[PDB]
Amino acid sequence: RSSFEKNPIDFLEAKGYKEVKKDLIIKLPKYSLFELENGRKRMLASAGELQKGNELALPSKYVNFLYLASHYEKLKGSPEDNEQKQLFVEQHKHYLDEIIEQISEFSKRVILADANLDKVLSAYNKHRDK
RNA sequence: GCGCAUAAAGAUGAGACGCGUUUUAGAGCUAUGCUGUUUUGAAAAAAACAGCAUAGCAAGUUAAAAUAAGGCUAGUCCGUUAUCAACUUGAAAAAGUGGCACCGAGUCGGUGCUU
DNA sequence: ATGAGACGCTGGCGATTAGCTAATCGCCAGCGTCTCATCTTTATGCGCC
RNA sequence: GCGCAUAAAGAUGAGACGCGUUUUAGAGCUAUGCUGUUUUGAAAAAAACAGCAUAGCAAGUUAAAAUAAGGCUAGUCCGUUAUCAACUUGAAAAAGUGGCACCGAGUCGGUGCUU
DNA sequence: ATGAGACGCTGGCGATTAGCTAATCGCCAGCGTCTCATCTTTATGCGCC
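The structure contained in this document is the topic of the report that follows. (Residues numbered from 1 in each chain as written, not as in the entry; some residues may be left out. Chains lettered and ligands numbered in written order. Part of a larger assembly, values for the part shown. Heavy atoms only, no water. Residues with missing side-chain atoms left out of burial classes, pairs and counts.)

## Thoughts on the pairing of strand β1 (residues 32–35)
Looking at chain direction, β1 and strand β2 (residues 41–44) are connected through 4 bridges and run antiparallel. In the sheet register, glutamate 35 faces β2, and the bridge partner there is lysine 41. A loop of 5 residues connects β1 with β2, the two strands running antiparallel in sequence, and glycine 39 in this loop sits at a positive phi of about 70°. (Pairing = 2+ DSSP bridges. Helix = DSSP H or I, 4+ residues; strand = E, 2+ residues; numbered from the N terminus.)

Following this line, the structure appears as structure tokens:
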């Protein structure tokens, strides 16, 4: 860094370059944000690696459902509303497959999760009875 | 809202010790086979000269170098950590820089004024 | 007081000849101590404009 | 500007003949070695059963298929050549379609009107 | 008339693992005949509104 920031053009000429655009030398730190297609963003992880730059904007319903269904805080209160929420978990079992759809579209749109996603789907079908 | 007791914790900075790493020196060897071979020559053969391969062995502990590359500020000093968005000035420091009434809301889209 | 102007197998093969990133995954990451002091800060415990 | 003589040339269309190509049939062979092997078996070994390799040989002439793929129009017919710029209609045929006074001239650039 | 809120080595290697046009040049191209007729056209040679 010190040797490059001192004489940049001389360093590039020493590296093995000819006819170097002096005004086209961009300093790119880590996590430099870039965007390509369908809102798919990628962050510059290095000079030879990138990072995922998109979040799946999921509605509040699925979030609260996951909280109550996964049993995150033992949901203590008055037993009545706890049992109704338990019933609400047993009823909205389609939220599972809806989440699977959400992950599939978001992963096929940004992640490019292909074979890995197939392994995930196979595991979900194998464990759909759980 | 301090002066305070008990029991903890953190942080800072020095001073030093165990290795370790990688190199070199650990003068490791034996036999067999191979070719090139000064080779005895006109060739053959090595003393395999040169290496190669096959097996079989044998010891094995430690010593030295440096230890961010390096730097100059030549000190027995410094150099791995805080401290970096884009942007225009400004040497740097530092400054400035992107509107808003309203409707929707998929990585946002418009909209009045209107950049 | 006559003597120039008029120019091919190539394309479609093989078969040389030559040469290059990329996608997948695994591995594996210098670390050991002590001394010395130094300051903080926290848990609890006590006071009215 | 024809009727004409000499010497040439071209073009057209039929009718047929020589091959050729590539396949198959030219029943080619011998010995040796190899493995799998029903194998005599519990294995061995082939009769190498199966192929393989090494060498050595031997003949060798011709016969048949089709000959643009094919097509239908089933004829004993057709199919390699003229005949194709872009473009809009129009089935096709066929039609229409892109300016120009002026200055320069690198595969052209402008320009008045102005497409 | 108490019992939740605070969630990892990854990047940088090797080393698999996988896979693909392109640039250069050479070769080598179905061909043999005849018959039959058929028309043209050319060189030269001959004539005035």
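## Let's talk about the packing of aromatic side chains
Judged by centre distance (5.0 Å) and plane angle (80°), the rings of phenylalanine 65 and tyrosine 95 are edge-to-face. You can see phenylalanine 65 sitting in helix α3 (residues 60–70) and its partner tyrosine 95 sitting in helix α5 (residues 94–111), a full 30 residues away along the chain. Arranged with centres 5.3 Å apart and planes meeting at 40°, the rings of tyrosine 67 and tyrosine 72 form a pair that is tilted. Ring-pair connections join several aromatic residues into one group, and the members of that group are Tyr62, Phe65 and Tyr95. (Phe/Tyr/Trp six-rings, centres within 6.5 Å; stacked < 30°, edge-to-face > 60°.)

## A few points about the environment of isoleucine 9
Structurally, the position occupied by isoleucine 9 is in helix α2 (residues 8–15). Each C-alpha atom, one on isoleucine 9 and one on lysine 119, is 49 Å from the other, the two residues being 110 residues apart in sequence. Other than its neighbours up to four places away in sequence, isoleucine 9 contacts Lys22 and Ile25. (Contact = heavy atoms within 4.5 Å.)

## Observations regarding the packing of α5 against helix α6 (residues 114–126)
Across the interface, α5 lies against α6 with an axial gap of 11 Å and an inter-helix angle of 170°. Taken as axis vectors, α5 and α6 run roughly antiparallel relative to one another. Of α6, the residues touching α5 (which contributes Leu96, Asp97, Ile100, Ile103, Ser104 and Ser107) are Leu117, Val120, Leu121 and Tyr124. In the contact of α5 with α6, the residues fall into 7 nonpolar, 2 polar and 1 charged. (Axes fitted to C-alpha atoms, helices over the stretch in contact; angles between N-to-C directions. Parallel < 35°, antiparallel > 145°, perpendicular 65-115°, else oblique. Nonpolar A, V, L, I, M, F, W, Y, C, P; charged D, E, K, R; others polar.)

## A closer look at the pattern of salt bridges
The partner of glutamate 5 in a salt bridge is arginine 1, and the shortest N-O contact between them spans 2.7 Å. Note that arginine 40 is salt-bridged to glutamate 37, the shortest N-O span being 3.0 Å. (Salt bridge = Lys/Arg side-chain N within 4 Å of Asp/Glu carboxyl O.)

## Points about the side chain of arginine 40
When you line up the elements, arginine 40 lands in the loop between β1 and β2. Side-chain polar atoms of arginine 40 contact the side chain of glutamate 37, separated by 3.0 Å. Excluding anything up to four places from it in sequence, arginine 40 contacts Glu35, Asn54, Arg109, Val110 and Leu112. (Polar contact = N/O pair within 3.5 Å; in protein donor to acceptor, adjacent residues only side chain to side chain.)

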